[PDB]
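Here's the structure, in structure tokens; my notes come after.
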Amino acid sequence: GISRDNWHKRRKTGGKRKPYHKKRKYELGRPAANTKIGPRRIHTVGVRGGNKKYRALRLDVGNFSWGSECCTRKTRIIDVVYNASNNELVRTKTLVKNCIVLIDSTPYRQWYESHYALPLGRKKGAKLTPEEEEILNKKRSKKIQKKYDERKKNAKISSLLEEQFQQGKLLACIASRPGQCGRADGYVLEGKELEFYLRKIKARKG
Amino acid sequence: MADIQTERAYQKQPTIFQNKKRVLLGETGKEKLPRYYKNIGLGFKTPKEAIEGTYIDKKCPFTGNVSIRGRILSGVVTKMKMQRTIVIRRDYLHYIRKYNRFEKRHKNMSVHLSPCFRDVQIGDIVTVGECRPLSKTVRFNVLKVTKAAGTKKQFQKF
Amino acid sequence: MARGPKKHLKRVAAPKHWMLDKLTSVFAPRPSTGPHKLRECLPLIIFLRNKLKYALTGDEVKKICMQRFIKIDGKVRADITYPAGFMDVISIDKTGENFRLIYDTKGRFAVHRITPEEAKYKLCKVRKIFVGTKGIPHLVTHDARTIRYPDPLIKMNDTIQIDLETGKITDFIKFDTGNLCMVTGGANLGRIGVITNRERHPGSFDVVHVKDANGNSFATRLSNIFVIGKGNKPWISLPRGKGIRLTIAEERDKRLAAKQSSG
Amino acid sequence: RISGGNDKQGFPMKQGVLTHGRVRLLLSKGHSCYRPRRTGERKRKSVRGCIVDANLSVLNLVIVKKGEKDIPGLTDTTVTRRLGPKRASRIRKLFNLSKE
RNA sequence: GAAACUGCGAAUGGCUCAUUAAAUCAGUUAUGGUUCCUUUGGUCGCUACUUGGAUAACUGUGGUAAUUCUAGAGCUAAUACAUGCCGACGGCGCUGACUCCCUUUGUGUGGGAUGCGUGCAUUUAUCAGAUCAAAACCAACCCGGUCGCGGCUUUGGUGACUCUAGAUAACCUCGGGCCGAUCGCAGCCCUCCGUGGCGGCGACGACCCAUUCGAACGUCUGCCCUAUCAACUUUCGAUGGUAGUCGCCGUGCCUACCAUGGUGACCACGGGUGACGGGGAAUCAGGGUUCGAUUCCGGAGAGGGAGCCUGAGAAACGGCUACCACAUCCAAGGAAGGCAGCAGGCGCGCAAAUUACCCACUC
């Protein structure tokens, strides 16, 4: 049907070539996955040698790494915001490798606040004191405050992330192939990559 | 030089990572990027401009994702209107055995030329080795450039 | 068309060293898939029918094997086209005799009878060294045998000795200058000599120079050299003619002078 | 209960074809009205839809509840010996045997 | 031990030469850019003294002019199909109520209640990988010793890896990765009288390495006649760049954006060929000319084009679906088809054998 051959097309000189044989089965191609945001729908295909391949049609969740902090957790996927290859892919919300996405900040915030014994995403006292202060302060015999200098002297986060945590969403990049692995999975944007894509997002519409 | 992110997607070397911890540098600073590079083997030497440079090129032999294997060849630089690729000419004699005499022939190759070579000119001599297919018509990559066994660029004092 | 693997062999396409006649047939035995390459083996049917002559037809070979009489490397084999090859031992316990496959100096397998205490071991050339999970070291031989926990001095191109009842390593010979070897491919096939120089090239093939007992010199690609003894002495018994490769004029003169072949 | 039938020209009825006409379907392993001669075989052949009409050669029917009267031969005749079970748990399940 | 279910093979062999001029093919090299039934060698311990329901052969009743067409009813199996323990968790890292000793903290300790994760495969992110030349001060100390001097250590391999092995945080495929609810011969040893087991020989099966048989894609050089063929290709992808999709994998293979390239008198581009390529054959002082459909090797195709199931392997035709050309049977509703296999026939033409016997030999 669809095929990926080299012989249907012309040579260096601009000259044509005639067909050598009928279409062979090892020259095959197949339609694209076009993965959307939505509750899990995966289908499987048999491939050359009798092996199996996984094709994701809908995904709602992924695995993401905050490489700066050595933290990775299972996280909800919210939206797609930039695509370097084609604007119709963000207009129709399709998920592919090196796409830029928004993810839920919560499991990183909960890891940080319990690891460093400090607040992160907080606005004002009404969202600090009335509950869950007992995550931050407890009885800690000979481990109370000064021994947390192992934590507190390296706790400060970049200003570009502290502005994202207050809105409840982080920017991330997809590293897996979702139409081939069945998974959507990647890493949190940081530093000069975050400056580059914030300029590109703002310069397109804002 | 001062900017390299001229594309719609961010440009970086794979296998290099930048720490977002212990970031203080005071009134001055140093390079946030270390550089990846490798030895090619076969008695070739890596150019200084690959180690001291800041360019991104995935098809580069010294700083990218290619393996040099099989045949090593040479030819004369003859055209360079494409970007990061050039055309070289190879000339030879063919024997026709009914007569006891030779015939002159040529072929052209398109080859990939990275930054780190930046003073090449038409009529220079270039050495190349095989790769995996790099594009439709490209199979070879530049390992060394020279102008030995010939006249100077400008006057004899060059 | 060719839609999958082939399973026949024409008799004019078969390996020259089997010495098959021209006129009995169209086909030859296709060697069974196994430890040795199709070009480099001797099918068991050609050894029993054509070399030893214990059977007049392929059916008389089939009813020797199905009685469980034939052992190769100490294991009973019922397959009549099994690919036996260099350094293997064949034992026939019912007639009371043992053989080893070694090249004649004209580049073909000799019949070579051996004593039952020499039928207990074989020599193996090393093909590969690698490390598996939990850091365990592995070895691979020229006949597909895989060994765990080899001695850390055993490197590429070396020769190891194994006992056939247990399959474990007993002793080894290093590849270095002055050791005795046999040639296992090319035009020099079936010659014996001492290694005298190795010349190396980065990419393409290394070349070894070898010296004869009579002082002749010859060379080949490194893939054709098999080491068989530390210094001057072999670890195996050797066939008539001992790898010396005399020329056609010397061979004429001994055939006239010795009056052999019932003169 | 109505269990199926045959058309004129002998074509069978099959469940799920919602018409009084006949149709041609590409049949494959696991459908009724076909028996494959090779692994992976499919063949296109004629079948009749589900709706009952005057056109049929025969209707198949099964008695799901008996009346008070007896229909001659069909409902007088007592059951045959069948064949007994062969799996061990099946024998225990028939005779209510203990696990020991 | 008929039949039937299940497993394996049917992708090899045999036939022909229509298409096809850098294509096929030959010599030479490469997968550090992939896949691989079987054979051979590694590997095979993070209700359980044995689970579930349901069909074929068979028995019984039918429909159509007709086929290796099949429908309704009554029974019963598994190495078919689907579930799922037991045994051998006793892991080691991270938490740390409390507690003890020199020094209230910090900082050096040894214990430690209690939670969480903890085989190999799979997806992503991070860490480490040790070796070199020469001195002088300072905080704190390894150690020989005590209130300033001597002396050092740790997977493997290639010409070359973003290799192999190792450590950390998570994922995990489920109905949609592995870790045996299977079969046949001889019997055994005992806190032992038929019990707890442990065990000899196998047979079949399955995830992962390495082999063997290959297949696929790529490198360099090699071709018959023609100018009454001189310029050609180019978002209708032509040459190249960046990101991606698809695929067993490299790649304009395809999509979006961008650049303006690529080949030619050393003959491109176009047309012809009673053109399948090579090993080879006839003739021949020396040099040549002509031929090669044809038993070995490589390629292509089963009336003409196209699409696809099953499988490790096919875009298969002694498999299937449709259009186009032929054409057989009919109760006019319908059903069935492919000799460039072996014999045999018609047509063509100057032009080519028997509708014989057998698996004894070679495989």
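Ordering of the structure tokens sets the chain letters (A, B, ...); residue numbers start at 1 within each chain; ligands are numbered from 1 in the order shown.
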Could you tell me, as a VMD selection string, which residues of stretch 1-191 of chain A DSSP assigns to strand (DSSP E or B) when given the backbone? chain A and resid 3 28 36 to 37 41 to 46 52 to 59 61 to 66 71 to 82 94 100 to 104 169 to 174 185 to 188
Output as a tab-separated table one row per residue of chain C within 6 Å of chain E: the closest atom pair and its distance in Å to one decimal place, counting only C-alpha atoms (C1' of nucleotides), sorted by chain and residue number ascending.
residue	atom	partner	partner_atom	distance
C:3	CA	E:11	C1'	4.5
C:4	CA	E:11	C1'	4.9
C:6	CA	E:12	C1'	5.5
C:7	CA	E:12	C1'	5.7
C:25	CA	E:362	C1'	4.8
C:27	CA	E:363	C1'	5.5
C:33	CA	E:39	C1'	4.9
C:34	CA	E:39	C1'	4.7
C:35	CA	E:40	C1'	5.3
C:135	CA	E:165	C1'	5.6
C:144	CA	E:211	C1'	5.3
C:145	CA	E:41	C1'	4.5
C:146	CA	E:41	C1'	5.3
C:202	CA	E:159	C1'	4.7
Neighbours of chain A in chain B at 10 Å, counting only C-alpha atoms, as a PyMOL selection string: chain B and resi 5+7-12+17-23+136-137
Residue nearest chain C - candidates B:106, B:41, B:57, B:62, atoms counted: only C-alpha atoms: B:41
Sort by chain and increasing residue number a table of all residues of chain E within 9 Å of chain A, each with its closest pair of atoms and their distance in Å to one decimal, counting only C-alpha atoms (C1' of nucleotides), and write it as CSV.
residue,atom,partner,partner_atom,distance
E:19,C1',A:20,CA,8.3
E:20,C1',A:20,CA,6.6
E:23,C1',A:20,CA,7.3
E:24,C1',A:20,CA,8.5
E:35,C1',A:49,CA,6.6
E:36,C1',A:49,CA,7.4
E:98,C1',A:141,CA,8.9
E:105,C1',A:146,CA,8.2
E:106,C1',A:146,CA,7.2
E:123,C1',A:183,CA,7.0
E:124,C1',A:186,CA,5.9
E:125,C1',A:65,CA,5.5
E:126,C1',A:70,CA,6.4
E:168,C1',A:70,CA,8.6
E:169,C1',A:71,CA,5.8
E:170,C1',A:72,CA,5.5
E:171,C1',A:63,CA,6.7
E:173,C1',A:54,CA,8.5
E:176,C1',A:44,CA,6.9
E:216,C1',A:26,CA,8.6
E:232,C1',A:14,CA,7.0
E:233,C1',A:14,CA,4.3
E:237,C1',A:9,CA,8.7
E:238,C1',A:14,CA,7.0
E:239,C1',A:12,CA,8.1
E:243,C1',A:85,CA,5.6
E:244,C1',A:85,CA,6.5
E:245,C1',A:32,CA,6.7
E:246,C1',A:29,CA,6.0
E:247,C1',A:29,CA,6.2
E:248,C1',A:48,CA,6.1
E:253,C1',A:4,CA,4.6
E:254,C1',A:4,CA,8.0
E:256,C1',A:86,CA,5.1
E:257,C1',A:85,CA,7.2
E:262,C1',A:12,CA,6.4
E:263,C1',A:13,CA,4.2
E:268,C1',A:13,CA,7.4
E:269,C1',A:15,CA,6.7
E:300,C1',A:21,CA,7.3
E:307,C1',A:1,CA,7.3
E:311,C1',A:50,CA,8.3
E:312,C1',A:49,CA,5.9
E:313,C1',A:49,CA,8.4
E:314,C1',A:25,CA,8.0
E:315,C1',A:25,CA,5.0
Please report as a list in words which residues of chain E come no farther than 6 Å from chain D, using only C-alpha atoms (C1' of nucleotides).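 Those within range of chain D come out as residues 63, 64, 72, 75, 309 and 310 of chain E.
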Tell me, in Å to one decimal, how far atom CA of residue D:68 is from atom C1' of residue E:73.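 A separation of 22.4 Å between them.
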